[PDB]
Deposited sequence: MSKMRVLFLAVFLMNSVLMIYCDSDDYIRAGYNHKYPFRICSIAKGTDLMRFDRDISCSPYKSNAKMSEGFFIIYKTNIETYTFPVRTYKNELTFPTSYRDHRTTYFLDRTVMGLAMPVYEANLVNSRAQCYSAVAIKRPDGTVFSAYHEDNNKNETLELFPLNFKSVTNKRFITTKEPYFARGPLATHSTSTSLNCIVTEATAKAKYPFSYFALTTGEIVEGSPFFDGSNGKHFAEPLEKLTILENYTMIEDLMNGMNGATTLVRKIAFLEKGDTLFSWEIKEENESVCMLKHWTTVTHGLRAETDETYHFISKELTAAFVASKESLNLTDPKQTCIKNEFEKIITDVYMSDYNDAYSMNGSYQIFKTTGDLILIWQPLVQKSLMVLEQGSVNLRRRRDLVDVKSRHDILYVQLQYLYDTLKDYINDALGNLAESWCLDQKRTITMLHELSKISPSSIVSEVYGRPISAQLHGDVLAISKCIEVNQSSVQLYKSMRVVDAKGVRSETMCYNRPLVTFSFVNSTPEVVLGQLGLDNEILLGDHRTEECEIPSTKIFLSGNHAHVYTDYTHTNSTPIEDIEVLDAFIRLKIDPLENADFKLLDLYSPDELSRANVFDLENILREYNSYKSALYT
């Protein structure tokens, strides 16, 4: 037989692509606009100041006056320990004696005791029966923050056992300087020692402030004069006080200066100042980004309006800070674009944003550093937000630039494809379309022709490319450039008609193409999945396409997907270590004391 059965390819099947109906003009869109990568983020330049809620307590000095009687303690004169001796109890210093102490740094020698009947008792030191004055001495060298002055060095006093205990001849006056503290509501204040006064330190006659102590014990004086410190004695400097309060609670008299709440307590404290900041406006919130702090603060778009008297105490301070910061760095290149705005970030931080306009060419640069010692991390969330914002911005910029470059490359490739289609329209148009078709250049546009398949049987190729005359004479000057192939159209039609092989398993009828024969020729034709070798315009061998190696024209993209990660929880200090880190434990102390007291039922 002078024919060879052809192979088969599942995506380049043997098809006849005659013009049939033709038409179906096509063209390449060379009119493509590529947009430069403009960032969609809206950013504004400026600086902002951050204020935090003040958690420090309000500390003020409190002076306490106490007068007490005590028998000689731990007496053991008689056989039965003289029944001991102890008066111990004391009473609050009277107001006039407090005035004497605050004026001349001395205290009276006599006290009055009121029995429930109403009788007034007169007690004297050593029974001298004199209402004279005694000086005060700084016992224990005034210690630290608890400077107390005393008039009696606690010596041995008069006593005598009548087989019992009966003695009280020791007058001592206790004057102590202490400091008190109060939380934010100021409903009460407590001394450092432990005494508690259930009332507002700013309470007055009609201020309406909280006060639970009995009113009759309270006493308010105006334009009072008192010595600053008792160490200096009666010659110490005296400062006028516009309003002072005297309270008699229990056995002690408490005195403190009544100040004004609005002018003495500020509930906002300056935390930090960011000289170079940016405001990123999202669809619902602002993002204040500080590269120096690596922090991003999120606040709602509605600016605040500071009106509370306890929150306007920072107005002058932050206005001066704004003026100084603007005068220092952004003096020339920028100008203050409108007034500042006050925002409340999530997490309750007061942020004062000041916009800046313009950009001059260059501006002064300043650097700073801090050596603060780490103790905790309460605001790591702003760092998390900053990390997300920075990574998102970088990724968006990189991918936008990549998209612009991709647009440019695609436009150039489209132009190149249009230029190439004028030479080999069929392959280019088939590749772009994605389906094997036939196209032909009809002037300046491509006129494709959808065409049908034929049956895969009876696909025979003549093993001679020579042109043979009608009289069975080979023409030595005419040789077919492509092998002659015979096909049976569809299987429903057993008729067989001869054609010529084209490209990518394509057949075409008509005048078979031919050219001058060449004595040396080793043409190879691809058909289906079997290469055919033609030497001297005749078939010699037929081998599978897989035998001839493949040029590695593909360019790989060495990118691997990111892997899942489980951030494991880390504990620097075990809770046992936190338990052992405190010298004093309230629960342990109370439990031990209660157990000892219960065992003390003897």
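Peer 1: Since the structure holds only modelled residues, which stretches of the deposited sequence does it leave out?
Peer 2: In sequence order, the gaps with no modelled C-alpha are 1 to 24, 384 to 390.
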